[PDB]
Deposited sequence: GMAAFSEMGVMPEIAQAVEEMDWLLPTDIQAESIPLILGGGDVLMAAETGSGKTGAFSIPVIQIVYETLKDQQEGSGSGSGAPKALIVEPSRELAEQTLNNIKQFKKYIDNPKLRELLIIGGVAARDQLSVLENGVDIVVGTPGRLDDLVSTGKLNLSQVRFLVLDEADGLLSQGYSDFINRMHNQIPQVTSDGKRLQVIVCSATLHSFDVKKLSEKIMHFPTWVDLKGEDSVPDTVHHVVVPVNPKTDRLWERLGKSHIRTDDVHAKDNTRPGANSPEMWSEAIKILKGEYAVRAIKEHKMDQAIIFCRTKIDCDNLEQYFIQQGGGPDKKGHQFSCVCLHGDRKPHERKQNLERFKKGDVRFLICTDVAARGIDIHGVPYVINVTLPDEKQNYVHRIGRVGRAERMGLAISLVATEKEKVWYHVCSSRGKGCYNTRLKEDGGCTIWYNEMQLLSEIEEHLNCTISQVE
């Protein structure tokens, strides 16, 4: 009953009104969202229609508008944008009801829609209004004629933001945010709410980036404090690898006995081209982003070792404290004491990069890193999340970069008793060997399928 909203820090007089409209318990989205919204932080709610988003903000807006009048006009304190006459009215009928048992003082609400005379709406405006619900058109109309004051708005809400963007109102939203001051007279910071029926939507992500301040995402996972992007590594459309000869990364020598010279026109050639390009692409990314810090995930112990040596060739290594390509490695063939020291040197900010394998990273605990680079994608799709999980403090968006080949790459598996040490059997697992044909595009597809979405490409 009304207990279920009171518990979350809702004013009892509001909670009572909510029980009386047959909202007896909160939706999962309301259960999570309201505490956050009362907390004053910016909140992006992403969940299907009918999950209770609109209600999640209808309830606590009244509280927040009330606690700002109790502390201090005629300028509205909260503006809610809806893409519908329909949705504006239901959203207004909610605010009407939940404000029922609030006196000392009462709260003045106003609809703002096409059809109803401005003279009705402007009588209401000149007088004293606290809470505005309306549609982009008249809201744009009535603000850009000097009618509707937004100076003291501390609670902005873009409901059905997906629809609002696809209805072409991005320009509007961005104007409204520029106009509303970022700090209130109270000294407090503008609270922005974004509701979406769609998740993973790029347009809503770009909107969260542009008009929200370190928002909390809410869904009924990808820690969306995280940008992540695929750089395809296509040795057919990038022919850089032909024009180096032997000024490149030391590859894994799976193709030592193979002809990988141009003209070979074999899968073995395209595979060695990839192994060469991943080198160049790793260096370029680090240069372009000017990365202060990153974790770098290689598939194997010697993949790590070979990248450390190439980083050395770039003025870096474990002996160049602070340099752009300063780094340490963390894997099996590293004595366990060297690991502990290598790891503290990374936490100290001695070296910029921590090069490690999935298996070594089980051992590590570390988060809040601004960059991860996946040189190669993980065998198990589950590990993409674990890997990406290590980027992005709440006060700094991280970035995962994944270098994904567009052809199959022959790599080492190793079935031999030696567990790698001294084996060079280039033949396939199938034919008694310690190599397989990796298919990184397929892994990506299984990964994108697991996250039930699409990852941006560059």
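Residues of the deposited sequence with no modelled C-alpha atom fall in the ranges 73 to 79, 228 to 231, 470.
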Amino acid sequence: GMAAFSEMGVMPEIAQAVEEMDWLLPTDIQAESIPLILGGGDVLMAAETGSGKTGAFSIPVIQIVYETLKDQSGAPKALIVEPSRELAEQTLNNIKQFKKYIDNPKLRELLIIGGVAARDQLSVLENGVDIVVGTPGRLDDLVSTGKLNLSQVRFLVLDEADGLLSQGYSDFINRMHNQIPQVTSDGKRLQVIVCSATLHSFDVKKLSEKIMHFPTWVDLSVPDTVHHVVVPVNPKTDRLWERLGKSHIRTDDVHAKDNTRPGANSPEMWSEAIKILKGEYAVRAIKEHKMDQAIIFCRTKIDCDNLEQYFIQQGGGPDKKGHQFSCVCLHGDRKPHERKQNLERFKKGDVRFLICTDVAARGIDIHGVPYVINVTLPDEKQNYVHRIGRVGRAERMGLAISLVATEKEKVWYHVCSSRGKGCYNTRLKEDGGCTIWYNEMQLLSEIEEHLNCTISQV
From here on, numbers count along this sequence of modelled residues.
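The question of which stretch, 211 to 219 or 139 to 147, has the higher mean Cα B factor is settled in favour of 139 to 147. Remark: stretch with higher mean C-alpha B factor among 338 to 346 and 100 to 108 is 100 to 108. In this structure the maximum Cα B-factor among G187, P262, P235, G322 is found at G187.
Which of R427, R419, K410, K53 has the largest Cα B-factor in the deposited entry comes down to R419. In this PDB entry, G115 carries a Cα temperature factor that places it within the highest third of its chain's modelled residues. Annotation for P370: CA B-factor lies in the lowest third of the chain's modelled residues. The deposited CA B-factor of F202 belongs to the middle third of values across its chain. The deposited CA B-factor of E448 belongs to the lowest third of values across its chain. The deposited CA B-factor of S247 belongs to the highest third of values across its chain.
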